[PDB]
């Protein structure tokens, strides 16, 4: 199974460096070219460059927006694709993607067909802040479906992750995009459940903010 897995993303100060990686598996790494593409929040995809296969001497190509600052490379022993980023600017903030580029054939239908899930790079001088997780429970029942939620504020940077009852509760869920304010994010997540279960059968939101190694659980208790 073709597998692309990027990592390394996180918070980095302006002017500094960050090295990202992309673990591959499910195909012969050396036979393929590989590309790095990014997408800053809410904007377009951007091709940054690529590195060719071992038939092509593993040569490299770069976008003008990062040539001289970014270096691509690979570990043909472990099948890892790398992106060396030096002197990072605000514009460098985005989700980075590795893509299996061309191969030594004519399987064009597959070129750029495989992407990784992406890794969020945030270049800012702002300081990492753990989030605060609050209960969003109703006050006053004359309804069949009851909606609850969790409030995650004052954290930095993105991304946080939210799930309910460890995830067994996957339907009727809404996690709103985060809103930035004073170098601090805030987002809420709502979950809808039939009046029957909750409060009878507990409801919990699972909040994880890897950027500040924060992991909290807030059981939502009715107001009495």
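Positions refer to the first chain, counted from 1.
In this entry, residue 140 is separated from residue 141 by 1 to 3 residues of the deposited sequence that have no coordinates.
Taking the PDB entry as given, 200-208 carries the higher mean Cα B factor of the two stretches 16-24 and 200-208. Comparing 155-163 with 47-55, the stretch with the higher mean C-alpha B-factor in the PDB entry is 155-163. Comparing C-alpha B-factors across 74, 127, 102, 89 in the deposited entry, the largest value falls on 127.
You'll see in the entry that, of 117, 107, 79, 120, the Cα B factor peaks at 107.
Ranked by Cα temperature factor within the chain, residue 93 sits in the lowest third according to the deposited record. In the PDB entry, residue 30 places in the lowest third of its chain by CA B-factor. Residue 136 sits in the highest third of its chain by CA B factor, as recorded in the PDB entry.
Placement of the Cα temperature factor of residue 191 within the chain: highest third of the modelled residues, per the deposited record. Compared with the other modelled residues of the chain, the Cα B-factor recorded for residue 37 ranks in the lowest third.
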